[PDB]
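# Chain and residue survey
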Amino acid sequence: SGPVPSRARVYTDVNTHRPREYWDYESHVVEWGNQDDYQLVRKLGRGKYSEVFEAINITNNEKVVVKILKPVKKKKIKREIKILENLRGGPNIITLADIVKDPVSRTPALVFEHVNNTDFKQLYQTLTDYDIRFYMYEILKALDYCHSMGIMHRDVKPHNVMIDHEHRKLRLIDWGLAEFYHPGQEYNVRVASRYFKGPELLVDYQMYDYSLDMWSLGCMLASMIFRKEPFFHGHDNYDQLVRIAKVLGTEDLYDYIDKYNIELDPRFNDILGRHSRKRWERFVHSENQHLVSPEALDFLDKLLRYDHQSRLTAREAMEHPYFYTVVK
Ligand SMILES: NCCCCn1cc(CCn2nc3c(Br)c(Br)c(Br)c(Br)c3n2)nn1
């Protein structure tokens, strides 16, 4: 037979009318800067692809963040670089300050604007209902920009969202898994963190689009307004889909895979079972009710849907009554 193809309902042909130089990152030419301008202060942490350091730009005494990449495909590095430069200056998008050669690692090092960030561990215990709506709207501005620029993040999660709660500044970071959207193109389903993987990734559907980020955003919103991080807490990719099925039901899951003619992994036969769709009021209790509103539930409901085409776009989401309270 063969799976039914899909198209993004918005920003479908953005890259089709861009010059090749815009999306052809394999032929991109990296403009190298001087590594001597930066002095490593302290090690912020290590990722699976890089090491992150706090540093100082000794040419202007400004504080910066250095991302020393570990040896990976050259094509992947130029992808992150080209994407960062294309999205440079956009709303709440992290600013790529410079690109330098690290003398030790012998790999590129990405220099970013510094953000006085508080970890989301202590932060999500201090956010009011207003704070949640505000930061959700700030993220949407970032997602809508990169989606309009024809770019697909594929790793939206609290860790990739820097927040300076003092000056109320937000920055969407880590565009190493980001990609250009081309209509009809199959992508790698092995993206994003497990808890934020969309159903399309879990059922191995490759022709996805910008709406993947909207599911991830929905997972974040659900964890924040219900005080349950993460909302969908599976121990693996297979159990992850089951956790989702226990809330959204299995009947809408089959409709989803029948529509796109997707065959489910046969190992789901002994673990999925049958589940009704639950109402969102179920997860509301006296400890989080102050963060919950009818508008919140309706907005969340329109984000968390099996069908990636029936999800709210970033632009649509910004029009939702949930953000009427937000000061603009
Ligand atoms: N392969 C994953 C890369 C990140 C690993 N990592 C970093 C940290 C410390 C927290 N942190 N990371 C920041 C990054 Br990346 C930027 Br850009 C900026 Br600006 C700030 Br502020 C960051 N803070 N733990 N694991």
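Residues numbered from 1 in each chain as written, not as in the entry; some residues may be left out. Heavy atoms only, no water.

Structure determination for this PDB entry is given in the record as X-ray crystallography, at a resolution of 2.350 Å.

### Remarks on the UniProt feature "active site" in the protein
Put simply, the rule reads: UniProt positions are given in the numbering used here, feature names are shortened, and annotations may be inferred rather than shown by experiment. Elements are defined by DSSP. Helices are runs of H or I of four residues or more, strands are runs of E of two residues or more, and each kind is numbered from the N terminus. Note on contacts: a residue pair is in contact if any heavy atoms of the two residues lie within 4.5 Å.
The UniProt feature table records "active site" at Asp155. Take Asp155: it is sitting in the loop between β6 (151-152) and β7 (161-164). Other than its neighbours up to four places away in sequence, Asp155 contacts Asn160, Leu177, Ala192, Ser193 and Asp213.

### Quick word on the sheet that holds strand β1 (residues 38-46)
Here is the rule: For two strands to be treated as a pair, DSSP must find no fewer than two bridges joining them. Angular values range over 0 to 180 degrees, each being the angle between N-to-C directions of two axes fitted as lines to C-alpha atoms, with helices fitted over their stretch in contact.
In space, the five strands of this open sheet follow the order β1-β2-β3-β5-β4, with antiparallel pairing throughout. Across the chains shown, the open sheet's two edge strands, defined by having one partner strand only, are β1 and β4 (96-101). The average angle at which neighbouring strand axes cross in this sheet is 30 degrees, direction not considered. As paired strands, β1 and strand β2 (residues 50-57) are joined by seven bridges and run antiparallel to one another. When the sheet's bridge partners are listed, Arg46 is paired in β2 with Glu51.

### Here's the deal with the pattern of salt bridges
So the rule is basically this: In the sections that follow, a salt bridge refers to a side-chain nitrogen of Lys or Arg positioned within 4 Å of a carboxyl oxygen of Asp or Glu.
Taken as a whole, this structure holds 20 salt bridges when the rule is applied. In this structure, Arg243 and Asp239 form a salt bridge, with 3.1 Å as the shortest nitrogen-oxygen distance. A residue pair is termed a helical-turn pair when its members lie 3 or 4 positions apart in one helix, as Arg243 and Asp239 do in helix α7 (residues 237-248) at four residues. Among the ionic pairs, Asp298 bridges to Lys302, the shortest N-O distance being 2.5 Å. Placement of both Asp298 and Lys302 in helix α9 (residues 294-303) is noted, with a separation of four residues, approximately one turn of the helix. Because the salt bridges share partners, they merge into one network encompassing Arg42, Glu54 and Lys63.

### Examining the side chain of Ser6
How we decide: Buried means the residue's accessible area, taken with a 1.4 Å probe over protein chains only, is under 20% of the maximum for its type, while exposed means over 50%, and partly exposed covers the values in between. Identification of polar contacts relies on pairs of N or O atoms within 3.5 Å, with a donor-acceptor requirement for protein atoms, meaning one able to donate a hydrogen and the other able to accept it, and with residues adjacent in sequence counted only if both atoms are side-chain atoms.
For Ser6, the position within the fold is in the segment before α1 (20-23). According to the relative accessible area criterion, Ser6 is buried, its value standing at 2%. A polar contact of 2.9 Å, which involves the side chain of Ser6, links it to the side chain of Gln309. Not counting residues within four places of it along the chain, the set of residues in contact with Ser6 comprises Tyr181, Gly184, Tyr205, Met207, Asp209, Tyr260, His308 and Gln309.

### Digging into the site of the ligand
Worth spelling out the cut-off: Summary of the distance rule: residues count as near a molecule or strand when at least one heavy atom falls within 4 Å of that molecule or strand. Reported accessibility uses the Shrake-Rupley method at a 1.4 Å probe radius. Residues are deemed covered only where the shown protein chains occlude them. For this classification, the nonpolar set comprises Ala, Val, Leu, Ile, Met, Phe, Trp, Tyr, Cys and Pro, the charged set comprises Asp, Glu, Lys and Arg, and every other residue, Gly included, is treated as polar.
As a matter of local geometry, the ligand sits amid 15 residues, with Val52, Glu113, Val115, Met162 and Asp174 nearest to it. Out of a free accessible area of 600 Å², the ligand has 78% covered by protein chains. Contributing elements (two or more residues each) for the shell around the ligand: β2, β3 (62-69) and β5 (108-113). A breakdown of the residues in the shell around the ligand according to their chemical character gives nine nonpolar, two polar and four charged.

### Quick notes on unusual backbone geometry
With an omega dihedral of 0 degrees, the bond running from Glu229 to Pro230 counts as a cis peptide bond. Along the chain, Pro230 falls in the loop between α6 (211-225) and α7. Within the chain, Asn61 stands out as a residue other than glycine whose phi angle is a positive 60 degrees. Relative to the helices and strands, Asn61 resides in the loop between β2 and β3. If you check the backbone angles, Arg106 has positive phi at about 60 degrees while not being a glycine. Position of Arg106 among the secondary structure elements: in the loop between β4 and β5.

### Digging into a nonpolar patch on the surface
The following threshold applies: The patch calculation keeps residues exceeding 30% relative accessible area without a salt bridge and links them within 9 Å when they carry like charges or within 5 Å when they are nonpolar (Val, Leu, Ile, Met, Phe, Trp, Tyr).
Taken together, the side chains of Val41, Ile56 and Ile58 define a hydrophobic patch exposed on the protein surface, amounting to about 240 Å² of accessible area. Along the chain, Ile56 turns up in strand β2.

### With respect to α6
Stated formally: Between the first and last residue of a helix there are one fewer steps than residues, each counted as 1.5 Å, and that sum is the expected span.
With 15 residues, α6 should reach 21 Å at 1.5 Å per residue; the first-to-last C-alpha distance of 21 Å fits that figure. In terms of burial, α6 is largely enclosed, as 15 of its 15 residues are buried.

### Description of the environment of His320
Position of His320 relative to the elements: it lies in the segment after α10 (314-317). For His320, a relative accessible area of 6% corresponds to the buried category. Residues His320 and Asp298, 22 residues apart in the sequence, show an inter-C-alpha distance of 9.0 Å. Setting aside chain neighbours within four positions, we find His320 in contact with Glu295, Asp298, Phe299, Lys302 and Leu312.

### Considering the pairing of β4
Across five bridges, the pairing between β4 and β5 is antiparallel. The residue of β5 that forms the bridge with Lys101 is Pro108. Where β4 folds back on β5, the antiparallel hairpin that results is connected by six residues, among which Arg106 adopts a positive phi of roughly 60 degrees.

### Notes on the domain arrangement of the protein
Put simply, the rule is: These domain boundaries are the output of an automatic or database domain assignment. Buried area is a sum: the accessible area each of two parts loses on coming together, probed at 1.4 Å, counted once for each and added.
Domain annotation of the protein identifies domain 1 (6-23 + 115-328) and domain 2 (24-114). Spacing between the C-alpha centres of domain 1 and domain 2 amounts to 27 Å. Together, the buried faces of domain 1 and domain 2 total about 2100 Å²; carbon and sulfur atoms form 56% of this surface. Area buried by domain 1 at its contact with domain 2 is led by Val115, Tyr145 and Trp175, which between them contribute 26% of it. Run the count over domain 1 and domain 2 and you get three salt bridges. In this structure, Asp24 engages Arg20 in a salt bridge whose closest nitrogen and oxygen atoms are separated by 2.8 Å. One can count 13 residue pairs in polar contact joining domain 1 with domain 2. Those elements that place two or more of their residues in the side of domain 1 that touches domain 2 are α1, α4 (129-148), β8 (169-172) and β9 (179-180). Here the side of domain 1 that touches domain 2 gets five residues from one element, more than from any other, and that element is α4. Of the residues that constitute the side of domain 1 that touches domain 2, the class distribution is 15 nonpolar, two polar and nine charged.

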